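Worksheet: the structure to be examined is printed underneath.
Hydrogens, waters and symmetry mates are skipped; everything else that's a heavy atom, side chains included, is used. Naming convention: chains lettered A, B, ... in sequence-line order (proteins, then strands); numbering from 1 in each chain.
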Number of protein chains: 2
Amino acid sequence: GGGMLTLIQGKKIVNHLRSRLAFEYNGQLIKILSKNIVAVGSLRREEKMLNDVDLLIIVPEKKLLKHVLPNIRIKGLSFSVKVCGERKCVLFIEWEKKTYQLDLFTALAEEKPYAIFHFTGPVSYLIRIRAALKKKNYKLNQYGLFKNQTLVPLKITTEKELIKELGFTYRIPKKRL
Amino acid sequence: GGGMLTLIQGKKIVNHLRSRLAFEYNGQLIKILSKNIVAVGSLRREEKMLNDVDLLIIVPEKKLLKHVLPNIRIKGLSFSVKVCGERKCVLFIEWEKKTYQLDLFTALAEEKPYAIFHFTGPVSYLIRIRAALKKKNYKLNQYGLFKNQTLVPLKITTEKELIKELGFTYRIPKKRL
DNA sequence: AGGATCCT
DNA sequence: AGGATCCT
Ligand SMILES: [Mn+2]
Ligand SMILES: [Mn+2]
């Protein structure tokens with residue numbers, strides 16, 4: 001649906017969106033803070049050409065998940081909604097007379113490092129990491145580390161801390177595969 | 001994405017499409033036969049208003065699944081593709097200056113009665129039927145009846161024959177729930 | 001209930 | 001590998 005973007009064009013779009021995201025809640029437009037917007041996906045991995053732009057939005061309250069992506073607003077930018085729910089929302093945005101795919105995802109604060117790790121990818125890397133943890137009866141996803149469907153609380157805050165606690169070598173996003 | 005259709009408008013669209021569906025295969029446009037096109041979903045259940053139109057296409061060869069929906073063609077009608085693969089293809093068609101959702105699905109000959117049953121719905125009915133079979137260690141889907149992930153070949157040809165063999169009362173599509 | 005396509 | 005949204 002969306003056209004190809006260069007990495008620089010993608011970064012320009014992310015920079016534009018950082019101050020312009022909001023959601024409608026009880027008849028009020030609530031602005032989303034730049035600090036709670038994280039560029040993820042292939043843009044974070046510095047791929048030269050992008051099929052879409054991926055943003056992770058950190059939502060401060062569980063009760064707001066109902067309202068954020070389903071009532072997403074982008075100041076001054078026209079867009080259509082391809083698919084949308086509380087956790088994923090795919091938009092086709094109009095930018096400089098062309099149409100591009102913007103993927104929006106949400107995470108709660110407690111999920112943040114797991115979500116950054118997940119949404120950064122790439123898929124081949126996630127599969128190898130998850131297969132290794134699966135052998136030790138763990139399940140890793142964008143929400144947490146689980147054993148036997150029960151959350152395994154880890155004493156970590158950042159993505160780096162998570163990767164170290166999971167027992168893997170840290171790699172900059174561009175070198176993950 | 002698509003507008004609401006009346007049942008009669010839906011039927012008009014199905015009638016139009018019956019002679020106009022084809023797919024591109026090795027540089028040739030292969031016409032799909034009307035006899036292999038079955039109206040399913042809420043249109044088959046005679047719902048007064050439709051959110052979309054559902055067609056089941058019966059594909060004569062397994063090897064053609066690669067080619068049919070991914071290269072679907074509709075003579076004289078403009079459309080865009082929302083999502084598409086070998087088994088489901090959702091199109092937004094232009095009809096009399098309005099946009100409507102056309103859902104296309106494929107089944108092989110051996111799957112036909114199971115596919116008709118599945119795609120006719122409604123969801124509430126499928127769930128109750130499938131839950132009852134699940135208690136007897138069976139799994140029913142659009143492809144067949146399974147026990148322990150193994151196909152259970154049934155001596156049936158039609159949807160009516162299938163429903164009787166599965167041990168349920170036959171109901172016209174409009175009365176299934 | 002069960003599966004398809006699409007997201008990383 | 002694992003999950004979201006959408007299809008019946
Ligand atoms: Mn991406
Ligand atoms: Mn339908």
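- Rounded to a whole Å, the CG atom of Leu145(B) is 11 Å from the P atom of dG2(C).
- Using a 4.0 Å heavy-atom cutoff across all strands shown, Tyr143(A) reaches sugar-phosphate atoms only and no base atom.
- Among the nucleotides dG2(D), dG2(C), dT5(D), the one closest to any side-chain atom of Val83(A) is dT5(D).
- Counting only heavy atoms from C-beta on, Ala131(A) has its side chain closest to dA1(D) among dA1(D), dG3(D), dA4(C).
- Counting only N and O atoms by type, the side chains of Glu86(A) and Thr106(A) include no donor and acceptor under 3.5 Å apart.
- Of the side-chain N and O atoms in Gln101(B), none sit less than 4.0 angstrom from OP1 or OP2 of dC6(D).
- Dashed line: the shortest gap from a side-chain N or O of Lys88(B) to OP1 or OP2 of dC6(C) is not under 4.0 Å.
- Atom NZ of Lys66(A) is surrounded by more than 12 heavy atoms from other residues, nucleotides or ligands within 6.0 Å.
- Counting to the nearest Å, the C1' atom of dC7(D) and the CG atom of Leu56(B) are 13 Å from each other.
- If you take CZ of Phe117(A) and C1' of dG2(D), they are 13 Å apart, rounded to a whole angstrom.
- Taking the side chain of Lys134(A) as heavy atoms from C-beta on, and the options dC6(D), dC7(D), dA1(D), the nearest nucleotide is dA1(D).
- Grouping the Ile, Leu, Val, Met, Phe, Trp and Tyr side chains by contacts below 4.5 angstrom, directly or via other members, places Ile72(A) apart from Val83(A).
- Straight-line distance from the CG atom of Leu43(B) to the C1' atom of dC7(D): 16 Å, rounded to whole Å.
- Listed nucleotides: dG3(D), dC7(D), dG2(C). Nearest to the side chain of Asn141(A): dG3(D).
- With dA1(C), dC7(C), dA4(C) as the choices, the nucleotide that has an atom nearest any side-chain atom of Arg87(B) turns out to be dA4(C).
- Look at CG on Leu166(A): it is 14 Å from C1' on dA1(D), rounded to the nearest Å.
- DNA chain D is contacted by both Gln142(A) and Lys82(A); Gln142(A) maps to the nucleotide lying nearer its 5′ end (nearest heavy atom per residue).
- Taking the six-membered ring for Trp and thresholds of 30 and 60 degrees, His16(A) and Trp95(A) have ring planes more than 60 degrees apart, a perpendicular arrangement.
- Atom pair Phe146(B):CZ and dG2(C):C1' shows a separation of 11 Å (rounding to whole Å applied).
- No side-chain heavy atom of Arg128(A) sits less than 4.5 Å from a side-chain heavy atom of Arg176(A).
- One atom, CG of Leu104(B), and another, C1' of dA4(C), lie 14 Å apart when rounded to the nearest Å.
- Distance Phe168(B) CZ to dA1(C) P: 14 Å, rounded to the nearest Å.
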